[PDB]
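As a starting point, one isolated chain is supplied in structure tokens, in the form solved without this ligand.
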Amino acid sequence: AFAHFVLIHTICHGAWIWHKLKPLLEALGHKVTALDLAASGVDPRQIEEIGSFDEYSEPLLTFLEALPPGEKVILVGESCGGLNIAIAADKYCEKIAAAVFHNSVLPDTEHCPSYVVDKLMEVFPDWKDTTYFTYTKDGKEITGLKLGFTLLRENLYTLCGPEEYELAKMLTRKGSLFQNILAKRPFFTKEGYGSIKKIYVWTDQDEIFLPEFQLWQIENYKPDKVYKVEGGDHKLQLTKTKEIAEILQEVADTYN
């Protein structure tokens, strides 16, 4: 079967992270959309204009709003993109055939939206040469970050080639996790986000979303299906592109 995949990058990244996976999925016959979220990739906004994870998610929500009735997509979110998935599923659940988490945060419906982010920082407290700043938007102080180049090399892009690491140095931008805004946000809903099918894809060789964290997430909120990819790194769409495409084909054949 063929599906329409919507690929959702993480904070400080853009659609460009999907540049290997998108053509491979198209070569299987799928339709692929790879979005830039707000203030990401070649989006014209700067992060200081963005006040929440919901606002950050606007391009995904706008896309989903534009789907004609009856068209369903498979969302694929990497790293912090699982939060964009949860936000989207609470507006457009009827348009989502399934959601695939790719070394991603896995929010739940029992705890507040920041819960898994809070846990991630416990497990991975030291972001190396990452820099931080503050800005104010809609009366709240937001912590922005710029991912450190050593962090990128060693922990995110560990096994990626030098030309892929170079893209990350060139293209990663200032962003935010909006952690304190998530902490005050209404909970993700059981009827919306809770009802979607959730497929969790990971590698135990991830040097930032470490095994303790990922296995904690799987026990916290049981996925419908778990795929463990052997080897690779946090950026499986770069280091294990073929394996990711194979998994996504199986998801397209399972959930519609």
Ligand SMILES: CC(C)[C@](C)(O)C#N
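In this text, residue numbers run from 1 along the sequence as written.
As for the form solved in complex with this ligand, it is not shown, yet the points below apply to it.
Remark: residue 208 counts among the residues lining this ligand in the bound PDB entry, judged by a heavy atom distance of 4.5 Å or less. None of the heavy atoms of residue 114 is located within 4.5 Å of this ligand in the bound PDB entry. Shown alone here, residue 92 lies farther than 4.5 Å from this ligand in the bound PDB entry, counting heavy atoms only. At the 4.5 Å threshold, heavy atoms of residue 127 reach this ligand in the bound PDB entry. The listed set 87, 80, 181, 75 contains one residue whose heavy atoms approach this ligand in the bound PDB entry to within 4.5 Å, identified as 80. Annotation for 132 to 161: interface residues with this ligand in the bound PDB entry are 147, 156 [heavy atom within 4.5 Å].
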